[PDB]
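Report on one structure; see the data block that follows.
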Amino acid sequence: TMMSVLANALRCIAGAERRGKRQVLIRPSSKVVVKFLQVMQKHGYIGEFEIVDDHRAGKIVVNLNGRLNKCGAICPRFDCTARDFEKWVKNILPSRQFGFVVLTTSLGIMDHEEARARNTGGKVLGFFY
Amino acid sequence: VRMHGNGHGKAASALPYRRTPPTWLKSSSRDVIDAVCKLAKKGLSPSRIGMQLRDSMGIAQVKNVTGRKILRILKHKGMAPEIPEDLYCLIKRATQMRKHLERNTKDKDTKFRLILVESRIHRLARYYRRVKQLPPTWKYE
Amino acid sequence: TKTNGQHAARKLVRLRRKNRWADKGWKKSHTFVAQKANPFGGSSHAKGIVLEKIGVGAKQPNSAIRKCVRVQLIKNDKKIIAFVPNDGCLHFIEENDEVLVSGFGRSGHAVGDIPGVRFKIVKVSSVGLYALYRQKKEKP
RNA sequence: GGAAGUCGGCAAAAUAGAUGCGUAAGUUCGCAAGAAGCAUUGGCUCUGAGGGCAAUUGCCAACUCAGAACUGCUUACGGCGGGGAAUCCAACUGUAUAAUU
RNA sequence: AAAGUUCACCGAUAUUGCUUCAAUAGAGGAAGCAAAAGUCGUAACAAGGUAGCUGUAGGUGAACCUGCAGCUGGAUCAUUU
RNA sequence: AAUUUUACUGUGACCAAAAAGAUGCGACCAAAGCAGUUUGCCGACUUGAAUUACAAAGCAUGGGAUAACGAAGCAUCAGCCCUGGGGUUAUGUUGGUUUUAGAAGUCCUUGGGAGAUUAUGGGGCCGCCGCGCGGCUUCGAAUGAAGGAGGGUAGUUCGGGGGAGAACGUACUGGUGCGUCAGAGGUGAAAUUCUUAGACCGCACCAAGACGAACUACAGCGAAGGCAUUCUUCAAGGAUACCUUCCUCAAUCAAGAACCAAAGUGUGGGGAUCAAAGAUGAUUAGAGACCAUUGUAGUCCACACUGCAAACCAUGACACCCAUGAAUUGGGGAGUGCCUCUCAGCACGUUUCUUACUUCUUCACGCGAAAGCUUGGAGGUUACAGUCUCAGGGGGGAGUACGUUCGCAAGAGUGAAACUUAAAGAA
RNA sequence: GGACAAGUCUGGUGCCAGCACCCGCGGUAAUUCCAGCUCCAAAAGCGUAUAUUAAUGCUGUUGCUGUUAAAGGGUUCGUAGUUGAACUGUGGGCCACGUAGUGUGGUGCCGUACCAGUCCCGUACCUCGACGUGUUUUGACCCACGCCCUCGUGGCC
RNA sequence: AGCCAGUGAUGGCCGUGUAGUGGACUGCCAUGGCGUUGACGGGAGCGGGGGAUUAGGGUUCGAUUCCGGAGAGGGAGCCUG
RNA sequence: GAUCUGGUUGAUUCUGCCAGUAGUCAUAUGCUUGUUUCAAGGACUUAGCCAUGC
Ligand SMILES: [K+]
Ligand SMILES: [K+]
Ligand SMILES: [K+]
Ligand SMILES: [K+]
Ligand SMILES: [K+]
Ligand SMILES: [K+]
Ligand SMILES: [K+]
Ligand SMILES: [K+]
Ligand SMILES: [K+]
Ligand SMILES: [K+]
Ligand SMILES: [K+]
Ligand SMILES: [K+]
Ligand SMILES: [K+]
Ligand SMILES: [Mg+2]
Ligand SMILES: [Mg+2]
Ligand SMILES: [Mg+2]
Ligand SMILES: [Mg+2]
Ligand SMILES: [Mg+2]
Ligand SMILES: [Mg+2]
Ligand SMILES: [Mg+2]
Ligand SMILES: [Mg+2]
Ligand SMILES: [Mg+2]
Ligand SMILES: [Mg+2]
Ligand SMILES: [Mg+2]
Ligand SMILES: [Mg+2]
Ligand SMILES: [Mg+2]
Ligand SMILES: [Mg+2]
Ligand SMILES: [Mg+2]
Ligand SMILES: [Mg+2]
Ligand SMILES: [Mg+2]
Ligand SMILES: [Mg+2]
Ligand SMILES: [Mg+2]
Ligand SMILES: [Mg+2]
Ligand SMILES: [Mg+2]
Ligand SMILES: [Mg+2]
Ligand SMILES: [Mg+2]
Ligand SMILES: [Mg+2]
Ligand SMILES: [Mg+2]
Ligand SMILES: [Mg+2]
Ligand SMILES: [Mg+2]
Ligand SMILES: [Mg+2]
Ligand SMILES: [Mg+2]
Ligand SMILES: [Mg+2]
Ligand SMILES: [Mg+2]
Ligand code: NA
Ligand code: NA
Ligand code: NA
Ligand code: NA
Ligand code: NA
Ligand code: NA
Ligand code: NA
Ligand code: NA
Ligand code: NA
Ligand code: NA
Ligand code: NA
Ligand code: NA
Ligand code: NA
Ligand code: NA
């Protein structure tokens with residue numbers, strides 16, 4: 001069955017970007033999905049998205065702009081210390097000049113550049129470049 | 001996929017987004033509860049009660065008017081069935097298969113289907129015992 | 001794909017332990033059967049006594065006689081066949097002498113076109129067979 | 001001394017009750033099995049367990065089993081399997097030449 | 001207060017018997033792998049001259065043959081609109 | 001009274017040396033070692049820093065991802081405040097007979113302010129089948145229903161799905177009754193075989209056992225193995241329809257269980273056809289084979305075993321995304337032909353939809369060593385992470401030996417090594 | 001000779017003697033054997049044997065393979081184990097101006113187009129009075145930002 | 001793939017021995033304790049601080065100078081402290 | 001320093017192992033050795049047997 005709705009949504013988005021579409025529909029969506037999207041939107045990687053409400057888990061329509069190359073979840077959510085940020089960057093990123101590794105800390109979901117500034121750590125969620 | 005087979009079916013019901021009653025209904029909440037209580041007194045199951053109201057009284061989604069589900073209404077009035085209705089209906093089917101097999105010993109296909117039904121009973125009864133809907137140390141046979 | 005658990009280290013450890021017996025290299029170093037069958041009890045060299053001098057033919061595409069000797073070891077009285085290298089060098093061996101024997105390379109596998117020979121003669125009468133060949137020493 | 005006797009261990013010797021432990025190959029899974037083998041055992045003075053009936057008390061009956069201290073042997077009625085490894089034949093219990101099988 | 005007597009306890013050592021592990025001889029009966037190509041054939045590779053192969057049962061100097069069910073990895077992707 | 005715990009993350013606590021990283025100093029450099037430097041005196045500056053640590057342990061910060069408890073909701077019901085009543089301490093000290101009055105407990109009653117669910121309905125009579133009035137006494141607050149699972153109702157829906165009966169159809173073989181007269185059968189060619197004691201052939205019947213042609217397909221049903229005449233029966237299964245019910249009940253699996261083509265085994269039946277073993281005739285250098293005539297076990301049924309197949313799609317199960325065009329099977333929604341009752345019916349034409357078997361030569365992207373795969377992918381993978389599980393590790397020895405479990409047996413499962421070889425293999 | 005830096009040099013042997021870790025060389029002209037001469041590597045050092053680490057993504061957690069190369073169990077059920085859907089919520093004002101995109105209104109509305117008019121074709125045009133740009137300027141959004149908030153409503157004040 | 005109980009196995013009660021607690025031990029009582037999260041048995045082996053190899057993850061060695069344990073040919077008893 | 005090369009074919013693209021290559025306070029044996037500094041040295045097998053002195 002469906003075990004991870006975060007892995008699902010990130011697979012739909014990277015799939016639509018590979019084909020060349022302009023919009024995607026994502027189900028069933030959740031709080032973690034929305035907070036992950038806001039991190040990509042704030043860095044200027046997707047564009048406007050909207051949440052349609054049924055009296056269930058909703059659906060999300062996301063507009064693309066041809067900037068995303070790949071996005072994927074990391075499973076299982078390993079643990080990262082503030083000194084361990086580089087090791088993850090060397091492994092799952094094309095270069096250290098650009099890209100992001102999204103973590104969940106006790107402050108909240110946020111990428112590794114912001115996490116280093118606040119000097120925290122936590123469990124990795126995914127990445128995008 | 002079905003849990004004990006190879007069917008991929010999708011037939012189901014889709015519930016409306018607007019939960020408010022449709023303002024042509026009349027039949028205040030007190031009258032609906034009376035009708036539910038009258039029907040259950042005749043031995044109808046919770047599922048059969050929802051059907052009768054739907055097909056003849058204009059009441060669709062009894063929860064939307066009176067705010068209470070059908071089983072909760074029956075439990076409050078103390079007329080709920082002794083065992084849950086899904087478990088009861090599975091047990092009835094397994095009994096009829098076993099009665100058939102006592103005269104037809106070569107029916108190896110019904111023997112295979114009986115294994116599937118009783119595996120369903122043991123999985124269901126394990127759940128009802130964990131959520132205390134059945135007495136502990138309740139056994140099918 | 002495979003198991004990806006975060007609580008499945010037991011399954012992954014059992015998998016690697018069972019599947020590690022499948023490579024002949026790793027199995028040879030943890031099984032003790034090789035040492036017993038090896039005439040050298042896991043040693044670089046061994047000392048023995050020459051029994052007789054034999055000449056074994058080479059394998060099919062080649063054609064020669066390889067000038068071996070039959071040696072009975074001292075530490076366990078096992079009989080092996082060893083090859084005496086370099087031109088001549090058979091006249092320096094004689095009978096009933098005492099020799100030092102080493103491996104041929106490849107760690108028990110036969111070498112070259114010599115059928116089933118995996119040992120070579122190094123020292124005869126504790127002087128050195130190559131030193132005798134180069135005339136740097138004289139036979140005692 | 002220990003089968004050297006004799007066609008041939010024939011005849012004799014030999015084992016032996018009970019209790020605790022322990023018991024192989026083979027097998028038709030029932031057996032083989034008391035396989036094989038080891039230990040204890042007397043006398044005297046005590047202790048514990050195992051019940052019934054009347055109102056916690058009183059009275060009363062049966063010998064079995066377990067344990068301890070002391071003390072002794074000249075190994076001391078009768079009665080009571082010797083054991084093991086194999087080959088041939090017949091599956092087995094049974095019958096059968098009264099008076100040589 | 002030594003020598004000595006009796007009993008309990010710890011217990012070396014020996015004999016006997018079981019149990020277990022590691023090495024070892026053996027008349028005969030077989031198997032594998034090499035060497036030389038010695039004898040007899042031609043089962044497979046082409047429709048290999050009876051298409052081949054899997055499972056099973058029987059037979060026979062040798063490769064093998066025969067019956068039953070299956071497969072194409074076939075020698076056919078195909079012919080009452 | 002009250003009165004949450006764990007993992008993860010930040011910073012402290014707590015940690016012999018040697019070794020390891022390193023902070024300082026030309027031991028002539030270096031491997032080292034903690035020491036050493038003053039343009040000179042009765043001295044001065046002095047150093048020898050600071051780190052780490054598989055996991056567990058210990059104070060305290062957050063609360064995002066997590067997991068441990070609890071509940072299964074009618075198993076629950078309980079305003080708050082304010083009067084006013086009814087019913088140990090001191091007594092200078094010690095020991096007792098004493099007691100203040102309080103505080104609790106209950107039962108009464110007086111101010112007020114709240115309420116997350118209207119006090120309404122019933123009992124309720126009379127006079128005007130209904131009809132309001134008068135006095136009246138009596139006794140609804142819970143997240144939502146997953147394009148996850150289960151159950152229900154309906155078309156008495158759909159189909160070579162399964163088990164039982166009763167019949168039907170020609171055909172092979174053997175009989176019976178008539179007719180006829182010299183050959184028939186078989187092969188590349190023949191010969192074993194049958195035949196004036198009437199074979200073969202023709203017509204009509206009888207018995208027995210097996211099997212259901214054509215229709216029959218890149219069609220249907222079943223977990224796989226499998227399943228094909230009709231009628232009557234018994235219990236099931238999937239898809240579709242639904243503003244029915246329920247509320248995480250789920251996915252996948254060591255151990256364990258049930259089923260499983262053909263051949264084979266045991267005990268009773270049955271015995272038409274075909275046919276391992278065997279027997280004859282040919283062919284051949286030979287022929288134990290292929291071909292011909294036969295023929296036992298088997299082939300069929302019931303009840304017990306066995307548990308192996310190229311048991312194959314040589315492709316494990318669950319979930320998501322993913323380009324097109326024609327077809328086909330079942331259910332549902334929205335001009336034409338037949339039409340006195342399994343009939344407000346049945347087929348067809350046009351457009352949508354859910355499920356199933358797939359096809360493209362005018363089918364993507366993409367992937368692959370290639371052949372090829374492509375909406376049950378062999379794609380979305382060095383831009384490598386959705387979840388679970390079963391196997392592999394150069395070719396042989398070998399699925400062999402020994403031990404053990406199961407089996408009446410045949411066998412099945414588990415399963416090495418010594419030796420030997422540079423290739424074997426794929427497109 | 002190649003891997004691997006370094007001779008198509010000169011004598012001897014003739015599938016012999018021997019080399020060769022692997023591929024291979026030697027049957028009368030041997031780039032490979034036994035020697036002479038040159039040369040190459042590294043050097044007070046340098047060969048050989050055995051074990052072990054890296055080469056090895058040939059043990060794969062990072063990170064393998066299973067249609068045909070070795071490898072998916074005959075099919076279902078099933079316990080321990082491993083993995084498991086969404087939800088209770090991440091404020092509001094003013095500051096002040098910097099900045100900031102949307103749309104919002106209005107502002108001028110040139111120049112062109114367009115709209116309604118005049119001459120008037122044809123069966124084209126010419127004249128005359130708003131509609132649309134694009135100059136400015138409102139409303140929210142966000143970024144720079146100090147304070148306050150009984151930081152939902154109440155109920156106090 | 002089961003292990004442990006006569007003759008101590010898991011616990012209880014008064015006791016005894018020890019420096020002291022304790023099933024360490026005597027008598028009595030109960031029926032427990034451990035195990036597919038691998039008990040019981042077998043093989044190799046003194047623990048650690050650490051060495052070798054090093055993109056990273058790892059693989060391997062450690063009798064040996066510091067710390068701990070054990071022994072004095074084999075195995076048992078004991079005096080003095 | 002995050003590196004690879006030779007062998008299956010008449011040629012080609014693969015799977016795959018054999019062989020090459022660098023270390024080792026890691027042991028042993030062979031050949032050869034002027035100076036100096038720092039150094040391990042009967043564990044491996046037999047916790048085998050021991051003259052004499054301390
Ligand atoms: K299923
Ligand atoms: K016996
Ligand atoms: K066959
Ligand atoms: K249904
Ligand atoms: K006739
Ligand atoms: K039939
Ligand atoms: K025949
Ligand atoms: K198989
Ligand atoms: K269908
Ligand atoms: K297709
Ligand atoms: K192609
Ligand atoms: K077997
Ligand atoms: K591989
Ligand atoms: Mg005599
Ligand atoms: Mg006698
Ligand atoms: Mg026995
Ligand atoms: Mg006895
Ligand atoms: Mg008899
Ligand atoms: Mg007589
Ligand atoms: Mg033919
Ligand atoms: Mg042939
Ligand atoms: Mg053939
Ligand atoms: Mg140091
Ligand atoms: Mg649901
Ligand atoms: Mg006939
Ligand atoms: Mg038919
Ligand atoms: Mg059969
Ligand atoms: Mg039979
Ligand atoms: Mg029979
Ligand atoms: Mg026949
Ligand atoms: Mg592949
Ligand atoms: Mg991968
Ligand atoms: Mg292999
Ligand atoms: Mg070498
Ligand atoms: Mg040449
Ligand atoms: Mg290695
Ligand atoms: Mg399969
Ligand atoms: Mg099987
Ligand atoms: Mg969740
Ligand atoms: Mg040792
Ligand atoms: Mg040692
Ligand atoms: Mg020490
Ligand atoms: Mg090949
Ligand atoms: Mg020693
Ligand atoms: Na399942
Ligand atoms: Na008898
Ligand atoms: Na300095
Ligand atoms: Na120096
Ligand atoms: Na230094
Ligand atoms: Na197939
Ligand atoms: Na298979
Ligand atoms: Na076996
Ligand atoms: Na080919
Ligand atoms: Na590597
Ligand atoms: Na294969
Ligand atoms: Na030493
Ligand atoms: Na000592
Ligand atoms: Na000694």
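Just so you know, these numbers use all the heavy atoms, side chains as well, and skip hydrogens, waters and symmetry mates. Quick note on labels: first sequence line is chain A, next is B, and so on, each numbered from 1.
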* **Nearest heavy atoms of C:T3 and C:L12, plus distance in Å** => O-CD2, 4.3 Å
* To do: Could you give the distance separating G:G132 and G:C114 at their P atoms, to the nearest angstrom?
  => 16 Å
* Asked: Which residue pairs pass the ring pair (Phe, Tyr, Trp, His ring centres under 6.0 Å) test when at least one of the two sits in residues 17-76 of chain B, sequence neighbours left out?
  -> A:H55-B:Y17
* Looking for any heavy atom pair under 4.0 Å, which part of the strands does A:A73 touch: base, sugar-phosphate only, or nothing? -> sugar-phosphate
* Under the 3.5 Å rule, do the base of G:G18 and the side chain of C:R66 count as making a donor-acceptor pair? -> yes
* Asked: Any side-chain N or O of B:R19 less than 4.0 Å from the OP1 or OP2 oxygen of F:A145?
  -> yes
* To do: Sequence neighbours left out, what passes side chain to side chain donor-acceptor pair (under 3.5 Å) with C:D97? Give chain and number order.
  => none
* Answer with yes or no whether B:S47 presents, from its side chain, a donor or acceptor under 3.5 Å of a partner atom in the base of F:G152. => no
* To do: Mind jotting down which residue pairs meet the salt bridge (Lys or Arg N to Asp or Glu O under 4.0 Å) criterion with at least one end in residues 104-130 of chain C? Sequence neighbours excluded, please.
  => C:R66-C:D113
* Asked: Does B:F112 lie flat on the base of F:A223, that is, centres under 5.5 Å apart and planes under 30° off?
  -> yes
* Which part of the nucleic acid does C:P115 contact within heavy-atom distance under 4.0 Å: base, sugar-phosphate only, or nothing? -> nothing
* Once each nucleotide of nucleotides 231-239 of chain F is scored for protein heavy atoms under 4.0 Å, what B/S/- sequence comes out, 5' to 3'? -> ---BSSSSS
* To do: For nucleotides E:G67 and E:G41, find the distance between their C1' atoms and express it as a whole number of Å.
  => 27 Å
* Structure fact -> Residues passing the salt bridge (charged side-chain N to carboxylate O under 4.0 Å, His left out) test with A:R19, sequence neighbours excluded, are none
* To do: Keeping to residues at least two apart or across chains, list the salt bridge (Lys or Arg N to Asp or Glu O under 4.0 Å) pairs with something in residues 89-106 of chain B.
  => B:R98-B:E118
